[PDB]
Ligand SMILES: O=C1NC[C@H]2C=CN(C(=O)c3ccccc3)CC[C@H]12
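The chain below stands alone, shown as structure tokens; this is the form solved without the named molecule.
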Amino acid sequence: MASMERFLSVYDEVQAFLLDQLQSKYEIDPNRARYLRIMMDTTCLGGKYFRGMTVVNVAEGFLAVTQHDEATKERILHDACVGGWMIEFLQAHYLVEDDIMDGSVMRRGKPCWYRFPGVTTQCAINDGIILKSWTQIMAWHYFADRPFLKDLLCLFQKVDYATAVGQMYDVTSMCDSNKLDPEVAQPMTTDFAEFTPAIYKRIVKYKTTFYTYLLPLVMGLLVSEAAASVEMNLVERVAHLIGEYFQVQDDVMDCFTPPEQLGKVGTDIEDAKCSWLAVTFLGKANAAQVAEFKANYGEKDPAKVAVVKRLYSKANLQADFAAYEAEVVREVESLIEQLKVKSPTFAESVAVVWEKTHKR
């Protein structure tokens, strides 16, 4: 089948397995099963499935150059699809919880899950917990007999933990580190001294890159029994590089993409987030521009938000972005060349991942 058709068919199988198990072993009743089916569909479906399909595409690459029985090819592709859905459900977990944490209104043009009338925060926090628990159920069920079960569970845990740490870095990025204290309400920074490239890079590395690029690439290697055939330090370096670029694109879109196309209203400015735009602006502003940014950033007032967007346009951050992009292109191509030494097939899969990222 087309890879996407196989991936979506496996969703139906995994959902049926999870819901049937709830009936047979957890005494669930049909109405709560229906609630959870709708929750799964609403939180897990409707995106592009980039992360899950990366697992599939990596596995397909190795299948084309490795001798296998037909039944083994089918097993590997089925495993890649389940593993990809583990990542999609993990993402669903972090979007449900982050939308609650951030007080978000919309996502993908629909209300955030916790805002559905019959859900509410009381249920939605636990729904997000269940989403992540489902990732572990699918691994222990589908991969019970597999040689890579241990490495895959270990990786998944490390990536999940990194991502939770990243969320902490993200939501505290507008506070002075020396003022962080559970006992004291957290004031917004006034000097913005921690709005630097290195600190931004730290936030993004943990909050996004591990689960968006490192986990799908390595899971593809694991279900293919091909990890020995790559230099893991290069996989990490290229995942963190492409992942950062992905997030910079998202940062720019939050500010400048119309809500209709964006699927939501961006509020990074009002939320005083350490965005690529803010960091890059502060890296080239003169004193008067820095002062005007400070006087307006992180406030809900729409005229103050408009001031900040005006500063960004006046500062020609398009030029900085094109320079950033050119450098990422140089570095990603270099890492892909290095990947070819041990694994030309994996290098081409990484090239495909970059192309999809770059021309999005």
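Start at 1 and count along the sequence shown; that's the residue number.
What comes next is about the form solved in complex with the named molecule, which is not displayed.
K.L.:
Although the named molecule is absent from this view, report whether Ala303 comes within 4.5 Å of it in the entry with it bound, heavy atoms only.
P.N.:
Flag for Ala303 set to no.
K.L.:
Hey, in the entry with it bound, is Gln136 touching the named molecule, heavy atoms inside 4.5 Å?
P.N.:
Result no; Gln136 lies far from the named molecule in the entry with it bound.
K.L.:
Any of the heavy atoms of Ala295 lying within 4.5 Å of the named molecule in the entry with it bound?
P.N.:
Contact check for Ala295: no, nothing within 4.5 Å of the named molecule in the entry with it bound.
K.L.:
Taking heavy atoms only, is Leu221 within 4.5 angstroms of the named molecule in the entry with it bound?
P.N.:
Close contact exists here: in the entry with it bound, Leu221 approaches the named molecule to within 4.5 Å, heavy atoms only.
K.L.:
Only counting heavy atoms and a 4.5 Å limit, does any residue of 206-233 reach the named molecule in the entry with it bound, and if so which ones?
P.N.:
Read in sequence order, the residues that approach the named molecule (within 4.5 Å, in the entry with it bound) are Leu221, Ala226, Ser229, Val230.
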